[PDB]
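*Asks:* give me coordinates for this.
(chains A, B, C, D, E, F, G and H, ligands or ions: 3)
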Amino acid sequence: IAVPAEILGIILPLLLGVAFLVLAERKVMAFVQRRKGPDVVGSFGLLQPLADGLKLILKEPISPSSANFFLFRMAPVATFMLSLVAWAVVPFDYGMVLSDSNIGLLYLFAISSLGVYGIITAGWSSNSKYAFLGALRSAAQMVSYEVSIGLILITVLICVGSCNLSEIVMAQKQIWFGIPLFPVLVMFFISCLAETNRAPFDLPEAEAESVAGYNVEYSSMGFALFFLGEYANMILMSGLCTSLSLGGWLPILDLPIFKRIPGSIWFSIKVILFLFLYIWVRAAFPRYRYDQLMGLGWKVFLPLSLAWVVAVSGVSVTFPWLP
Amino acid sequence: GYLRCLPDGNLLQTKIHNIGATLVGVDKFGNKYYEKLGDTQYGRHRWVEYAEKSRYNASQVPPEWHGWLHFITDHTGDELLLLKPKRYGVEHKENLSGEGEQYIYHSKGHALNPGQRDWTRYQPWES
Amino acid sequence: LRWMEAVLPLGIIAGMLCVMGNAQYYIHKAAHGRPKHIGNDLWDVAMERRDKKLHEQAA
Amino acid sequence: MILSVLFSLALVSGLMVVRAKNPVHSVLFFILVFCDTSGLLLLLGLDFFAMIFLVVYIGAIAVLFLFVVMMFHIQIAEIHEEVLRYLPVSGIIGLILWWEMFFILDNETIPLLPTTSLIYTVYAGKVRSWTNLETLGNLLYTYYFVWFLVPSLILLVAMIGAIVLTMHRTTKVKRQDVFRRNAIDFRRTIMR
Amino acid sequence: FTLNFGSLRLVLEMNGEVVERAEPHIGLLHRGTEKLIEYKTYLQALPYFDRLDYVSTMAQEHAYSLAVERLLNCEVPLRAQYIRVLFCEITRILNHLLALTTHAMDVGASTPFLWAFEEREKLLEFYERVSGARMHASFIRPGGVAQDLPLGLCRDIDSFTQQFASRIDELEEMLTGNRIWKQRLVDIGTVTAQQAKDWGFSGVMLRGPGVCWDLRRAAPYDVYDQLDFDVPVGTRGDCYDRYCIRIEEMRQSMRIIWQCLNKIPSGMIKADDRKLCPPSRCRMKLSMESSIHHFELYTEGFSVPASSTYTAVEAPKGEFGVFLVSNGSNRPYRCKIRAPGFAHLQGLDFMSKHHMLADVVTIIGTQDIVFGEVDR
Amino acid sequence: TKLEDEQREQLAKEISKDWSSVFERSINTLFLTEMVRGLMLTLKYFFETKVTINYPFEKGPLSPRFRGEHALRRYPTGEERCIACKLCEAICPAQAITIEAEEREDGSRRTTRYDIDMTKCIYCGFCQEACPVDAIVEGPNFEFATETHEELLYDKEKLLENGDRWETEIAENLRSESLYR
Amino acid sequence: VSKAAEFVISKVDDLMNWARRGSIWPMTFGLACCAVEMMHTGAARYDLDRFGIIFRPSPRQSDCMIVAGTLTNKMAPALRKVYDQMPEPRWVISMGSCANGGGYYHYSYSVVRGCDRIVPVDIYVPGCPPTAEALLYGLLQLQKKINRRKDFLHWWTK
Amino acid sequence: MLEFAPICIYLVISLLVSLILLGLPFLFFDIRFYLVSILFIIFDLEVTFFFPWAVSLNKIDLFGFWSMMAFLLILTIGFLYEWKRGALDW
Ligand code: SF4
Ligand code: SF4
Ligand code: SF4
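*Replies:* Residues are numbered from 1 along each chain as shown, chains lettered A, B, ... in the order given. Ligands and ions are numbered 1, 2, ... in the order given. The relevant structure is shown in the block below.
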């Protein structure tokens, strides 16, 4: 019926957006670094993702024969499932949701919790022990920063009585929650940066460095699926950031000239600014050591998140400012 | 050649750069040499359009325009053509190097050479 | 305009988000004849079922 | 039908947990049976409890088990025993427990034999439908705060025990210090 | 447990992610440079020094030419000395830029790499205009230089110096003062001055501890004793202070470049005597003796008196020394090549002790091991 | 480590002179001032013009004293410029040049065999400066990548045709550099 | 074998060659002193990311190995081992003179007389060091060489 | 519920597309990890308790708010124990 059509219309444009997102990351990083990104495969490099995908498809696969063939193959499948089903709930405007779950926030938190298993199984199923150690490190980092992310979600849930993203936005109608909670938004942005192993806290992508990663053993399509899952998670958490601290499909100042824009355009624009911030932070800053980032996650963001939860609860309970 | 811009993207950059340029010359192979001074950075004020949009090659620039294009000389290719030597000389040929065994260069001892020469430095008795 | 050429791939991502959202919205609208409701609950489900039965009885 | 499929998958995953040769496979099938139980909770209507099962059981406890199992690197023939010998005793005990289930079901909970048209809808409690999450929070934080504060003591005990059992600070290893003078002020110096 | 990494091969003994010890295997770039130098004439052996420590090209040429002139006792004109100093400081700037940006990339900072490569491309354009190629330009020869400066080079270098002061300010603003950069560098691979002296460190790795000793001031081998530059030292030798020392050395190299441009004299570019320096093309095509001497200098070489010496210069990596032993013939009997990477890579073992893997790679970047010079 | 501890205490006392300074330091460390400044510089370079060369159509600057492809020239009359003096391989540090010769039919000294390995040439210009007649020159061409090592193994005929092809640019560079000699 | 099936096969081969040409993912084998010039090629001026070239540190994901620098007898087994892990569609670019025929250390112990003795190299880039211009020329030559791969036609006519 | 059926169909379609993507080419010890996991368990339980509290702040009074604060204080003392013992360091 219409549900498979909606699911396909969510999934395929998401893959196109991920491809153009890696292309945009290349272009923005190059323009930052006083150079030009992919410009020779199509006009302005618009066909570069297509060429890359076709090359990856046409590349002949190799079988590691690691005695864990099923677990080796299914881990990128698992993370791809997790990214897609996480994207299954995010709203885009008033009524553009597949599952209008009343517990949408906790659903996304649970899906983020499940995300470590793909990397853990990928590291274990690989023959090399370096990949296993890197997978363990990445899993632990995602664990700590997801604890921080959950505390930020609790702050937002204190601000808004409901638990579904659509009603969250409907409450965001007034002040966007970013004006009241800009430090909370900053902490959530850094936590989601460390959640997807992007920007600083980039352990798996430091392959030229001694940490190596969990994708060393993986073949063409395994690596491609892991990359697609990571970038889909990046877009997902940018959407989470804009739905939580920027009002989602809501204009600025509620002027009637701004209401001519559908609102899905507003959500897309905010997601684009968040992705630009992702690439900006990745290009502009060095990376943390594993111990440094773990101590920072467990000692800097967790106490601050707890303190902000307490402060928001105290502000809301004391005054009649409660929903 | 403007339809090649959509699947090329590099010819697109060249056409974007030929907005305010002045056509300083053209060679006998069709390559059109452009110069653009003013508010332009140093490294991108001279260039060429190879007039072969499908398979343009970096070795298609003749020696007469090679120096001017590479910023060795202020002399355009016309002056070097005027100064081209007589009584000897060959026409410019691209770096094929893979377009065919009959096109590539072969040593005198290579089996692919049309005439292969033996190398022993002695003449046998040859009854 | 170079910044515009560099942001052009981002515009494709924004367009993809808009396309997925709007295609979902219009497929659901065509399937049910009304835009999807986000505040629905047991009461809303019961009322919609009663409305469907009443209208199919009247027609 | 969906319920039958769900607990058939759950039973198969549990059997694989019981009889799995590799403890990593045991953890994975444990994750699978937790997912099936979460689906059963969706069927029941406890969305919050299903999500928290995912978050805690699937996330926390299961990554703990996975980490410890993989880090052990348990080999075969180190944990290996023939299952045929214990089959009679397992069957007898399972049959006794199943017979007791039979006796429990035969008296208290009688299944209904074939309904929808006889459903009387009150419409009075549906004006403001309280979610499971909302009701649980209201109760647990207003009128049952003691049974909520006690698990905090349990978690504190667990943390204290985990530290006092699995803590080993390095006796002689240098630790980087960022509060040095060259990092703080860094007065420039020259050879002259 | 032993963890292996595979032209940098390194085996590390680890206990708790803490590096107990690190052992490098270096021979992967051994090429028989000393044997080939022994088998070839001095002029034919200059390109070998071009290839050694390839990030800093003309420093090795300067060291080799100084050793040959010491064994040969030939006076180099003031203009040749000044242009040699200018290009040695350009070489120092190039090497420091590359070392800093490769270290930043190894840490994780990717963007300053390409800015410093734009600067390096400008400097390599300077090299290509003054000499044959962008890299491995055999420009510095015993008795002087290969050729005179092309006209306009001084003006272009002045423009580069201004824009490069701006660029160094730019890079220091981005890297210095960053919390992540500080956490990566400070208190990482610290070396005491006694440890540095014991392990034979030189250059930045020796001035980082604060020994307060520089070769250009201890043994001035050029107009250096007329250039009144500054030599930075580190209060507490570590990666951060070595990085700051490298920044200050870039600034002082710009200072020396400006001074050389300002006070460069007008004269000849090589030694006056044609027995040791080849005559010009016009002279060899016009004069019988000049033709004889060109022919003899390009078939045979200058026969240095039989002696052994060690000549060391302040290469950007550190003290680069050449030990030349002759026997009166046209070929060097023995040529030992002391590079300031061989000692630093020994220092890696105790520097990266009780540290972690990222600290090991940071220490490698700070020491700036070019494997060509360590595998000389 | 007691010295380190007391140094840390002294430094902490030094940089905590007053509440204004401690508050300023805490706010700077909390609000990511250095990170914001780095982001601003990064944005400035994102919005500034680029220095990409656009390779195939725009090529990097060179010099007349460029060491590209070895080549052999001729006199304006048409005769080979190369006498068989064998100063090429006497000075070639890599020994990439092999030359054999004999007296020609009219008594002229010419090379009957002259080959250069482009896989052994280090592109150093020793031969082009050791030539008494300016016969061998390292031409300005450098885009001569070949698919086969045997192709990269040159000989006299290929060197002569390279010189004939690039004679005008080589002559211009030779004039400009003979000024610098 | 027909004239319309041949046209369809030619179009498919053109698409495959376009994809493989525009998505080259070379891996650096950066020994000695062609690697610095390679980093200059990868810099802002002669940028490689425009044409699709991005350096993959893992040999399993790389397309073509670019061997730049001197090959030593101590390192040739490592080069061969790393080459053997590359996927079947693979190419080799030998940059410089050391990796072509031994270069300036041809008559030397513990120096492999060109990488051709260890791995089958497709394109040589002469120079010492070859200009970044010349190395990018060699990469464009690799694109041209893989622009005439009739893999589908060869598979069809077997 | 009635809203998780689209989630199940989405999961099935995601499986299908992942399998298709895989099959396209075929056509042609350490205690620190354990401590981190234990902290994960504790703070997952913390957040699980926060969720209903945060949702139902409007119904629960200062009694509920202070009960949650006491819960945090009991568990924040454990966090101070973690910090001072050295469990948060690596
Ligand atoms: S340029 Fe140097 S290496 Fe090349 S042939 Fe001439 S002397 Fe030999
Ligand atoms: S130096 Fe000149 S004349 Fe002598 S052999 Fe070489 S090219 Fe011929
Ligand atoms: S070919 Fe020349 S530039 Fe390249 S590694 Fe060898 S000596 Fe260095």
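
*Asks:* make it CA atoms for all contacts and neighbour counts henceforth
*Replies:* Noted.

*Asks:* which SS class is residue F:98?
*Replies:* strand (DSSP: H, G, I helix; E, B strand; the rest coil).

*Asks:* for it, name its beta-bridge partners.
*Replies:* For residue F:98, the beta-bridge partners are residue F:115 (DSSP bridges).

*Asks:* that one contacts residue F:111, correct?
*Replies:* No - here residue F:98 does not reach residue F:111: they are 10.6 Å apart, not a contact under Cα atoms under 8 Å.

*Asks:* between these two, which one's more packed in?
*Replies:* residue F:111 (19 against 16; other Cα atoms under 10 Å in any protein chain shown).

*Asks:* does that one touch residue F:82 like I think?
*Replies:* Yes - the criterion here is Cα under 8 Å, and residue F:111 meets it with residue F:82 at 7.4 Å.

*Asks:* now do the strands in chain B.
*Replies:* Here chain B has its strands, by DSSP state E, at B:22-26, B:32-35, B:46-49.

*Asks:* list the helices and strands the longest one packs on?
*Replies:* Strand B:22-26 sits against strand B:32-35, with contacts defined as 3 or more Cα pairs under 8 Å, 6 or more residues apart in numbering or on different chains; DSSP states H and E.

*Asks:* check chain H for the residue nearest chain F and tell me.
*Replies:* Nearest residue of chain H to chain F, counting by Cα to the nearest Cα: residue H:84, 17.8 Å away.

*Asks:* could you say which helix or strand holds that residue?
*Replies:* helix H:62-85 (DSSP states H and E).

*Asks:* what's the answer for residue A:136, then?
*Replies:* Here residue A:136 is assigned to helix A:129-159, by DSSP H and E.

*Asks:* name the nearest residue to the spatially most central residue of chain C, sequence neighbours excluded.
*Replies:* Centroid-nearest residue in chain C, with Cα atoms, centre = their mean: residue C:25, separated by 2.2 Å. In space, and not counting its chain neighbours, residue C:25 is closest to residue A:96: 5.3 Å by Cα to Cα, 6 or more residues apart in numbering or on different chains.

*Asks:* residue C:5 too?
*Replies:* residue A:44 (7.1 Å).

*Asks:* for residue F:39, see how far away that neighbour is.
*Replies:* As for residue A:44, its distance to residue F:39 is 25 Å (criterion: Cα to Cα, to the nearest Å).

*Asks:* these two: who's more crowded?
*Replies:* Between residue A:44 and residue F:39, residue A:44 has the larger neighbour count (other Cα under 10 Å), namely 26 against 19.

*Asks:* now do that one against residue G:51, distance only.
*Replies:* With Cα to Cα as the criterion, residue A:44 and residue G:51 are 11 Å apart.

*Asks:* shared neighbours, the two?
*Replies:* Both residue A:44 and residue G:51 are contacted by residue A:38, under the criterion Cα atoms under 8 Å, 6 or more residues apart in numbering or on different chains.

*Asks:* what are the buried residues along the longest helix seen in chain G?
*Replies:* Longest among the helix segments of chain G by residue count, using DSSP state H, is helix G:4-22. Neighbour counts using 16 or more other Cα atoms under 10 Å in any protein chain shown place G:9-10, G:12-14, G:16-22 of helix G:4-22 among the buried residues.

*Asks:* what's the answer for stretch G:120-127, then?
*Replies:* Within stretch G:120-127, judged by 16+ other Cα under 10 Å, the buried ones are G:121-127.

*Asks:* now the end-to-end length of that stretch.
*Replies:* With Cα to Cα, one end of stretch G:120-127 sits 20 Å from the other.

*Asks:* give me the contacts around it.
*Replies:* F:68, F:118-119, F:121-123, F:142, F:144-149, F:152, G:91-97, G:100, G:115, G:134-135, G:138, G:141-142.

*Asks:* near chain D, which residues of the stretch 1-150 of chain E are found?
*Replies:* Residues of the stretch 1-150 of chain E found near chain D (Cα under 8 Å from any Cα of the partner chain) are residue E:18.

*Asks:* could you pull out the strands in the stretch 1-150 of chain E for me?
*Replies:* Listed from the start of the chain, the stretch 1-150 of chain E has strands (DSSP state E, counting those that start in this stretch) covering E:2-5, E:9-14, E:19-25, E:140-141, E:144-145.

*Asks:* can I get those in CSV with distance to residue G:26 and mean neighbour count?
*Replies:* As requested, these are exported to CSV (distance: least, Cα to Cα, whole Å; neighbours: other Cα atoms under 10 Å in any protein chain shown):
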stretch, distance to residue G:26, mean neighbour count
strand E:2-5, 21, 11
strand E:9-14, 22, 16
strand E:19-25, 26, 17
strand E:140-141, 36, 26
strand E:144-145, 39, 27
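
*Asks:* turn the ones you listed into TSV, including distance to residue A:284.
*Replies:* Formatted as TSV, these follow (distance: least, Cα to Cα, whole Å):
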stretch	distance to residue A:284
strand E:2-5	29
strand E:9-14	30
strand E:19-25	30
strand E:140-141	40
strand E:144-145	43
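
*Asks:* closest one to residue E:95 among those?
*Replies:* strand E:140-141 (17.5 Å; Cα to Cα).

*Asks:* how about the residue in chain A positioned nearest to chain E, phi and psi?
*Replies:* At 4.0 Å from chain E, residue A:286 is the closest residue in chain A, using Cα to the nearest Cα. Main-chain torsions, residue A:286, degrees, to the nearest 10: phi -70, psi -180.
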